[PDB]
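In the structure tokens that follow, a single protein chain appears in two forms: structure 1, then structure 2.
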Structure 1
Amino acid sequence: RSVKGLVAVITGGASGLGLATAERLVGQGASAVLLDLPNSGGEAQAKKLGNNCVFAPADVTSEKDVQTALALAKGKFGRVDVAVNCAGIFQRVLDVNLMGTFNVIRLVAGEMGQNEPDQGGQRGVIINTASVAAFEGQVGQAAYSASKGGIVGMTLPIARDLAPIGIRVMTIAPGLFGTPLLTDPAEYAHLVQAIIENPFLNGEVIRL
């Protein structure tokens, strides 16, 4: 129930929610691999975060690039315990977020499978970020959700699919109110840590 010692791969880690999650986790004793595009500024950020953080240049929509990134993570920290998908947050449906997430989940599951189970039998934790569907003034049922639905709808199924390997799968979705109060990373990061530390949360979607 502690992130200390865990190795986390964070897509879109050079900035935004990804960077905020990395800073939080590293500050809590974990190791982080910032997986992001070359020239994204991930190299500088990984450097600033200390020797418990490395930069893995890669495009999340590329299976081969993600394999190289996971190999780097294993080469530098020994293994992969957690994957946090924060990248990208054709065009609207199969966007970078959905494609990168599915690509990461399919590849990291095999890696996490090699890990030895813990007390509760968990080998890994995967945390996804739902894609936001901008409010367009719709009325009725559609108004009750702020996410596209692709990643959210796949959460329970994927959690059930990886249960035998002891891999928990959770998704963080947006709330209905932008909470912009004008025109929060910390909150998102704290939720990531909380999900990682509670072995009882699995196959669920939590709105921030």
Structure 2
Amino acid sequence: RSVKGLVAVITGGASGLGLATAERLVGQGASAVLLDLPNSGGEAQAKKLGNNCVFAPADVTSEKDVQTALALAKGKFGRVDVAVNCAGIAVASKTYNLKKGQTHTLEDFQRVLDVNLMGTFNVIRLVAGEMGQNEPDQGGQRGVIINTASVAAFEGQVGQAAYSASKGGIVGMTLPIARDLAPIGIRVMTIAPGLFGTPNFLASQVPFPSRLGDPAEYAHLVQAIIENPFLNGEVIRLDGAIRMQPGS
């Protein structure tokens, strides 16, 4: 298919991979809702992108906020066809460090799980109901949901336990959610990015091309997933063939 006329809700849409996705899709004729925190810069980004883009302030961990954002999307554009989960946070903290006597805090683990994993699920479960209102297309499809994991789901480095747990959870739930939503024609896919230039040594680690990924390359893969009706239930690494070393 083509993305012209589709309505996309993009979490984390004020910055980075989410913003690059919004820019590409709006440039291809889609409408976009940037779902991001208050004072994320989302309003100014939506204004810059023109009248087919609006900002919906929301914390993905809040049922009430996501409900409000989806009602805003419905009032503005009439339907939701695509959801892209880019909202996320990171921490670097070792499980335990004997030399320094330091133990990872429980709260640092919980915070990253809540935003990255529970937040993605919260958006999925609520947007599925919105997509379920669509009449199926000629191929039976009502929507497409795309999540963002990380190569840390597969080769987490020293200090990445919390982040890797959160992203490994995204990977683990991709297939069951695709199976849950198959009877109503919503595809569910995940991208696992490597190292991307969002907000020299890191670049040199990538086999080829030997640079950070361009956010537009993430946006290109999102578009390819929306366009290809047979991509479902899968995780795609987008990473220049990197495999992460253990680090320190």
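Only residues modelled in both forms are compared. Along the sequence of structure 1, residues get numbers from 1 upward. Whichever C-alpha set is largest while still superposing within 1.5 Å between the two forms counts as the rigid core.
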Displaced residue between structures 1 and 2, judged on C-alpha after the rigid core is fitted, out of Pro174, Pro57, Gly166, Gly150 (threshold 2 Å or more): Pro174
For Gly75, is the CA shift between structures 1 and 2 at least 2 Å following rigid-core superposition? no
Using a superposition on the rigid core, decide whether the Cα position of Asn39 changes by 2 angstroms or more between structures 1 and 2. no
Threshold 2 Å Cα movement between structures 1 and 2 for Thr129, core superposed: no
Distance moved by the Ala109 C-alpha between structures 1 and 2 (core-aligned, Å): 0.4
May I ask for the C-alpha shift of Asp95 between structures 1 and 2, in Å, based on superposition of the rigid core? 3.9
Give the rigid core superposed Cα shift of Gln119 between structures 1 and 2, in Å, rounded to one decimal. 1.1
After superposing on the rigid core, which segments of 3 or more consecutive residues have every C-alpha shifted by 2 Å or more between structures 1 and 2? 90-93, 131-148, 174-180
